[PDB]
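Structure first, then comments.
Protein chains: 2
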Amino acid sequence: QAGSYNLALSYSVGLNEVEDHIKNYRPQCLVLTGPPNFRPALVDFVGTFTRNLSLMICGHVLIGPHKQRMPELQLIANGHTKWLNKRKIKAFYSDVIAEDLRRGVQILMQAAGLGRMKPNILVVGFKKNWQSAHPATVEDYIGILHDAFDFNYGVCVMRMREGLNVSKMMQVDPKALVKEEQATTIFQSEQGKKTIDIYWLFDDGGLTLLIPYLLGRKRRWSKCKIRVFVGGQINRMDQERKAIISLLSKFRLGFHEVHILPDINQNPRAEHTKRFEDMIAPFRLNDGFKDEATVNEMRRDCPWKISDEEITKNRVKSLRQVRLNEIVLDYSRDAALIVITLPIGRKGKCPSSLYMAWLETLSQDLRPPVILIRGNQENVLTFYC
Amino acid sequence: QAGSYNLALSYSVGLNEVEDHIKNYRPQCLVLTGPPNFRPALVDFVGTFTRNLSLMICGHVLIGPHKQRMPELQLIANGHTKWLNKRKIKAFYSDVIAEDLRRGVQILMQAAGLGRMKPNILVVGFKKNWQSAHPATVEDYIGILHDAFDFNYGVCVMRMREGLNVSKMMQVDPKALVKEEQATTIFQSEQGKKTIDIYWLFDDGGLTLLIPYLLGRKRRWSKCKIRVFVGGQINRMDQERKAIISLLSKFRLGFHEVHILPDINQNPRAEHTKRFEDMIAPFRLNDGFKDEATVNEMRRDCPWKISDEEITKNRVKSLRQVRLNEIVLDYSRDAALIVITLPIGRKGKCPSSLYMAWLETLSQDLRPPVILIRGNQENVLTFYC
């Protein structure tokens, strides 16, 4: 019954004609949980949020190198859509055939959606395992974030203790795993109780705040004082805030206490640097970029000599990141989702391994569900005034 | 708080529970036009039908592999969509950046739409000048069709009465302002007195009875004495031809015009084969296939003639297709529009060259409007039962 199909003609192609000056930043969201059943925590998070607010599209990559295996793959599609309908999700299931992940997502990236409805931001299933397989996977991984930076997309990433890409270890009518799942995915069912905190070191990319926001609109998160952990300058705090509270009169917050994070400065802890170093060893010049090695070799020799980009000029950034984790452990010891601003790395000025290590620090172990965001700074305040 | 975006989203997700059952094979189509001001004959064409019926997606692929105009893509689209919208069209433009035609449309076909809302038919604009220069583009153009075949899509070619690309402007132009589109408007603006001529040399194509059905059922297309030319059984007109007549009801055809023209593949004109050959005389070698020549070398070293692949034994299909050309030119003679069934070539037993050769010879003698068509062995009787 393609009724909506037809209805779309009058409504959604009636949505194609709508003015462009509306500029409402529709939070169209794209996700990469691979198979929907797996990495279901991201599905849940992106489902409770945008529950009849914004478009959420599930992109499963089959990394096929040959003729579509079978039309049965379509069956698999209906099975995944039923899995989504066996719970309360509003997901579309789509697939892209490719030979790797970077191009694998890249296909689905600029062709998913249609006209105005097109996805606007992207969340990626974090391959927590990164010190096991070849770094190629890591290079592909930094690929999606960099491409999202080049396509005016929003970058987001989750992380879990047991595993976003939980091994699903096995360690009859099985009922909805939701119960156990929601234990790992409070948003899925559990009404949020503890406070969400936006460690939005970065101001722009409104979603950084919008995400926990339309998350807050949610009844589950209605039980969590939306904590605003701003950080940076210490000399003047409310001076910038008054701009933020103007746009807050627009975006109702209901709070006026932003906790200062002076940890990023004058608060460097040696033992946190030693771990990071011991956490980036086989990752020095492990991008497998022979050309980089060559061009570098004819420029400068050592894997940490030519480092206007190699964890040197941006080293202070690594300090800031580990400090952010330390104030997660102190300032927000416990929280619903630690929303840190997803870092920014310049192509040609920030190497892949450095950035990936930064993310690993920002989402280290022994933390509750954690989410990172960084928007494309198109415009702010468009939604909900 | 009614809203217009959330309603389209709600109808789409309601359709997320749509029934794979009774697959609604609406004429979901994917269209190549490049810039919308150029090749607008396809625009109007696929705009004629599926007006408030299904989804027609326009597709422009930017061929510049360097410096993706992330800043100058939405704006140009806006302008182009406004132009298109000014034409009161019903589509969803799409912008793609890539290095070549082949992978460019490969990106678009397998990722356009969302969930069940997905395009199913591809139409590709012919290149008026293919043999004048740039020989290697034959590979790309034929790979279009082969990958579309392998992708279980619908396939169509586009070549109208006049030249394809509009490159003579410097002496209305914007269809938005004025859209002559005579080649297409003829069917609707002028009251059509001549009819569609189809054929069945490839019975597998189910779409053959749908694309003529769709277009055959439009307000202005009301005037049509449907000439259902089909290779009906030479002895039976009531169980094989009526096999289509029992089904005829759902396609709302109401025509027994099964014009038996068994001269479908009779020995063609001597002259026609001659032209068919020296057409490929310049391309006698597999120039775009040194690699494949080495394969020939190790396999009977066939330099130009290819056993049962070019003309050594494949001529069969060539002389048949040309006979079709004779037919169209004799029976149809002046043909308002022709439903030309795109022939089938499976990779590994026939070259892209011959495929192109076939495409070119479909309507090489003159310049009729190419209303090419072929289906993907999909089920039918979706529209109007």
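Same order as they appear, the protein sequences are chains A and P.
Going letter by letter, the first sequence gives residues 617 to 787, 807 to 1020 in full-length UniProt numbering.
Going letter by letter, the second sequence gives residues 617 to 787, 807 to 1020 in full-length UniProt numbering.
Quick reminder that beta carbons are idealized off the backbone N, C-alpha and C, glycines included.
Beta-carbon separation (whole angstroms), residue i vs residue j, contact threshold 8 angstroms
i: A:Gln644; j: A:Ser670; result: 6 angstroms
i: P:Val974; j: P:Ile1008; result: 6 angstroms
i: P:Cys859; j: P:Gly889; result: Between P:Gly889 and P:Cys859 the Cβ distance is about 11 angstroms, and since that is not below 8 angstroms, they are no contact.
i: A:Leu730; j: P:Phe708; result: 4 angstroms
i: P:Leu648; j: P:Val740; result: 5 angstroms
i: A:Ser710; j: A:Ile679; result: About 14 angstroms; that fails the 8 angstroms criterion.
i: A:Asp756; j: A:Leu700; result: Not quite, the Cβ-Cβ distance comes to about 26 angstroms (not below 8 angstroms), so this is no contact.
i: P:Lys885; j: P:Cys1020; result: 5 angstroms
i: P:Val865; j: P:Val1005; result: Their Cβ separation, rounded to whole angstroms, is 20 angstroms, which puts P:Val865 and P:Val1005 out of contact at 8 angstroms.
Outcome for residue i when other beta-carbon atoms lying within 10 angstroms are tallied against a minimum of 16
i: A:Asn640; result: exposed
i: P:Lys743; result: buried
i: P:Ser857; result: exposed
i: P:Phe1018; result: buried
i: A:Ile760; result: buried
i: P:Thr947; result: exposed
i: A:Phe822; result: buried
i: A:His682; result: exposed
i: P:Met776; result: buried
i: A:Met786; result: exposed
i: P:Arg934; result: exposed
i: A:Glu815; result: exposed
i: P:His891; result: exposed
i: P:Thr697; result: buried
i: A:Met872; result: exposed
i: A:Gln901; result: exposed
Identity of the residue in the options nearest residue i by Cα
i: P:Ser998; options: P:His676, P:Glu1013, P:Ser987 and P:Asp965; result: P:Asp965
i: P:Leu1016; options: P:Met774, P:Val740 and P:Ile846; result: P:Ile846
i: A:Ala618; options: P:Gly650, P:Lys948 and P:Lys734; result: P:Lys734
i: A:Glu945; options: A:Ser967, A:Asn921 and A:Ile962; result: A:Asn921
i: P:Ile962; options: P:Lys860, P:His894, P:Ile941 and P:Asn781; result: P:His894
i: P:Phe911; options: P:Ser884, P:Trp835, P:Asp1000 and P:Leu842; result: P:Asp1000
i: P:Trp993; options: P:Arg950, P:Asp969 and P:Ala970; result: P:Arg950
i: P:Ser988; options: P:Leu959, P:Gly779 and P:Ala752; result: P:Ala752
i: P:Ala818; options: P:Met672, P:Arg1002 and P:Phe708; result: P:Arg1002
i: P:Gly695; options: P:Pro986, P:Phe665 and P:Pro652; result: P:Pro652
i: P:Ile705; options: P:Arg871, P:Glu875, P:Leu812 and P:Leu882; result: P:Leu812
i: P:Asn1014; options: P:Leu623, P:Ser620, P:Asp636 and P:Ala624; result: P:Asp636
i: P:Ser824; options: P:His907, P:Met774, P:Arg854 and P:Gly770; result: P:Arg854
i: P:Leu954; options: P:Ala905, P:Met933 and P:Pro656; result: P:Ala905
i: P:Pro978; options: P:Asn622, P:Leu780, P:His762 and P:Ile638; result: P:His762
i: P:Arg685; options: A:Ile723, A:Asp766, A:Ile831 and A:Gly663; result: A:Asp766
i: residue 801 of chain P; options: P:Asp716, P:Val712 and P:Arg732; result: Regarding the residue in question, residue 801 of chain P is not represented: chain P runs 787 and then 807, omitting everything in between.
i: P:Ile869; options: P:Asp898, P:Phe918 and P:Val782; result: P:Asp898
i: A:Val782; options: A:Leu959, A:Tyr834 and A:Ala657; result: A:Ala657
i: P:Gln1012; options: P:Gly840, P:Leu836 and P:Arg871; result: P:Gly840
i: P:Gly720; options: P:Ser748, P:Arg703, P:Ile692 and P:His676; result: P:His676
i: A:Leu836; options: A:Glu715, A:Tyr769 and A:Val863; result: A:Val863
i: P:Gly867; options: P:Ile941, P:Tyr834 and P:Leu883; result: P:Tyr834
i: P:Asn931; options: P:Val754, P:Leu780, P:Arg642 and P:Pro986; result: P:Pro986
i: A:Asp969; options: A:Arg703, A:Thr666, A:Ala727 and A:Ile831; result: A:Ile831
i: P:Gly779; options: P:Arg667, P:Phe654, P:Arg732 and P:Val771; result: P:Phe654
i: P:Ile861; options: P:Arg887, P:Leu882, P:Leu842 and P:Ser881; result: P:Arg887
i: A:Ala971; options: A:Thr820, A:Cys937, A:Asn632 and A:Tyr769; result: A:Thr820
Proximity test, Cβ basis, 9 angstroms: residue i and chain D
i: A:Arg718; result: Structure shown: chain D not included; protein chains present are A and P.
Any non-hydrogen atom of the ligand PLP within 8 angstroms of residue i CB
i: A:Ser824; result: Although the ligand PLP was asked about, the structure shown includes no ligands whatsoever.
Which runs of the alpha helix (DSSP H) fall wholly inside the stretch 629-679 of chain P and span at least 4 residues, in chain order? Segments of the alpha helix (DSSP H) lying fully in the stretch 629-679 of chain P: 656-664.
Anything in the stretch 624-638 of chain P with a Cβ closer than 7 angstroms to a Cβ of chain A? List those residues in chain order, please. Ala624, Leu625, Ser626, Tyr627, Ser628, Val629, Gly630, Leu631, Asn632, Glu633, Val634, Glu635 and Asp636
*If contact means a Cβ-Cβ distance below 7 angstroms, which residues of the stretch 824-841 of chain P contact chain A?*
Listed in sequence order: no entries.
**Study point:** Complete runs of the alpha helix (DSSP H) confined to the stretch 834-900 of chain P [at least 4 residues]
**Key:** Unbroken alpha helix (DSSP H) runs of no fewer than 4 residues, entirely contained in the stretch 834-900 of chain P, are found at 846-851 and 876-883, following chain order.
**Q.** Proximal residues, the stretch 688-703 of chain A versus chain P, C-beta separation under 7 angstroms
**A.** Cβ contacts with chain P come from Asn694, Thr697 and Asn701.
What residues from the stretch 656-674 of chain P come within 9 angstroms of chain A, judged by C-beta to C-beta, listed N to C?
So the list reads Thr666, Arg667, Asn668, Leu669, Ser670, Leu671 and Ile673, given in the order they occur along the chain.
### Contact set between the stretch 763-774 of chain P and chain A, restricted to residues whose Cβ is under 8 angstroms from the partner
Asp766, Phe767 and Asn768
_Restricting to runs no shorter than 4 residues, where is the alpha helix (DSSP H) found entirely within the stretch 901-945 of chain P?_
The alpha helix (DSSP H) runs of length 4 or more contained entirely in the stretch 901-945 of chain P are, from start to end of the chain, 905-915 and 925-932.
Against chain A, which members of the stretch 881-913 of chain P pass a CB distance test of less than 8 angstroms? Residues passing the 8 angstroms Cβ filter: none.
If you scan the stretch 677-753 of chain A from start to end, which runs of the alpha helix (DSSP H) of 4 or more residues do you find wholly inside it? Counting whole runs of 4 or more residues, the stretch 677-753 of chain A contains the alpha helix (DSSP H) stretches 688-701 and 718-727.
Any residues in the stretch 850-872 of chain A with a beta carbon nearer than 8 angstroms to a beta carbon of chain P? Which ones, in chain order?
none
**Prompt:** the stretch 981-998 of chain A: which residues have C-beta closer than 7 angstroms to a C-beta of chain P, in chain order?
**Reply:** none
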